[PDB]
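The chain that follows stands alone, in the form solved without the DNA, written as structure tokens.
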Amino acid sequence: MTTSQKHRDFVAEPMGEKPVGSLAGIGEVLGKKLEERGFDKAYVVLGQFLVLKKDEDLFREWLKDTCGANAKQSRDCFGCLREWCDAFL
């Protein structure tokens, strides 16, 4: 397994009310910028991922534009949501 433990923990169970910082790739710096834009729970970011029809390009560009995520951070966040959805949606 090449995913982070943090990815594995997120994808192992429903997310409920977990904060945005529970997503892989979302450290404290990105999580603060997300919360300040209203994306305060992980499920709100899931919401954006789903409204963008799970499209990697659009979602990763949106994360960059919204909180300054770099390529690795946006890849990790996308992959964590994609695998969560495959498991639970």
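The numbering used is simple: start at 1 and walk along the sequence shown.
What comes next is about the form deposited with the DNA bound, which is not displayed.
In the entry with it bound, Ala71 approaches the DNA with a heavy atom inside 4.5 Å.
Using a 4.5 Å cutoff between non-hydrogen atoms, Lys33 counts as a contact of the DNA in the entry with it bound. Although the partner is absent here, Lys18 is not a contact residue: none of its heavy atoms lies within 4.5 angstroms of the DNA in the entry with it bound. Mapping the unseen interface onto this chain, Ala24 counts among the residues with a heavy atom inside 4.5 Å of the DNA in the entry with it bound.
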